[PDB]
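Structure, as structure tokens:
Positions of Cβ are generated from backbone atoms using ideal geometry, with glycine treated the same way; all protein chains shown enter the neighbour counts. Coordinate-derived values only; no laboratory data.
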Amino acid sequence: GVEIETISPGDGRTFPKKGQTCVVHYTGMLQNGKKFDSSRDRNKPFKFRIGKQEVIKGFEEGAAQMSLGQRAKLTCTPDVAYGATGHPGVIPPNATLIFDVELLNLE
């Protein structure tokens, strides 16, 4: 499940398609916990394409529901990213993930 909470401004019509590399200023957040990842620190805003299963399932489906300029807020379920396995040292198992996502993309 992907729960979108959009901070309003954008256009609402430029949607990502297949094979389009898009740019996201993501910012990860643990529920009742601190941060774990952000693109604002590296300032390398993560040019990734759509439709190759590169990103996790909670982040891929939310990018298809956003548009250019929009600033949403993800709520990623554990069963799609790390709930059974868990990343070693960073994400424990059964973890609900929160992301500050703005789509200022290309292509």
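With K and R counted +1 and D and E -1, the other residues having a Cβ less than 10 Å from that of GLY10 yield a net charge of 0. Rounded to the nearest 500, the 222 nm mean residue ellipticity of the chain from helices alone is -3000 deg cm²/dmol, with -39,500 (n - 2.57) taken per DSSP H run of at least 4 residues. Given +1 at the Cβ of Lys and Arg, -1 at the Cβ of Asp and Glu and no other charges, the dipole of the chain around its Cα centre is 300 debye to the nearest 20.
Work through the residues other than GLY62 whose Cβ is under 11 Å from its Cβ and net out their charges, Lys, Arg +1 and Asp, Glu -1. Its environment carries a net charge of -2.
For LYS18, the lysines whose Cα comes closer than 18 Å to its Cα, not counting residues fewer than 8 places off in the same chain, are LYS47, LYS52, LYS57. Extension gain for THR85-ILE56 works out to 9.1 nm (0.36 nm per residue, less the C-alpha to C-alpha distance). Note on the chain: GNM, Cα springs under 10 Å; of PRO78, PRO16, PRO88, the largest mean-square fluctuation is that of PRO88. Neighbours of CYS76, meaning other residues whose beta-carbon lies under 15 angstrom from its beta-carbon, give a summed charge of -4 when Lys and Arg score +1 and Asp and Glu score -1.
The calculated pair-distance distribution of the range 22-102 uses every alpha carbon pair, bins of 10 angstrom beginning at 0, and gives 17, 53, 29, 1 percent. Between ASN43 and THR96, full extension at 0.36 nm per residue minus the direct alpha carbon distance yields a gain of 16.5 nm.
Multiplying the residue separation of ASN32 and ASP11 by 0.36 nm and subtracting their alpha-carbon distance yields 4.3 nm.
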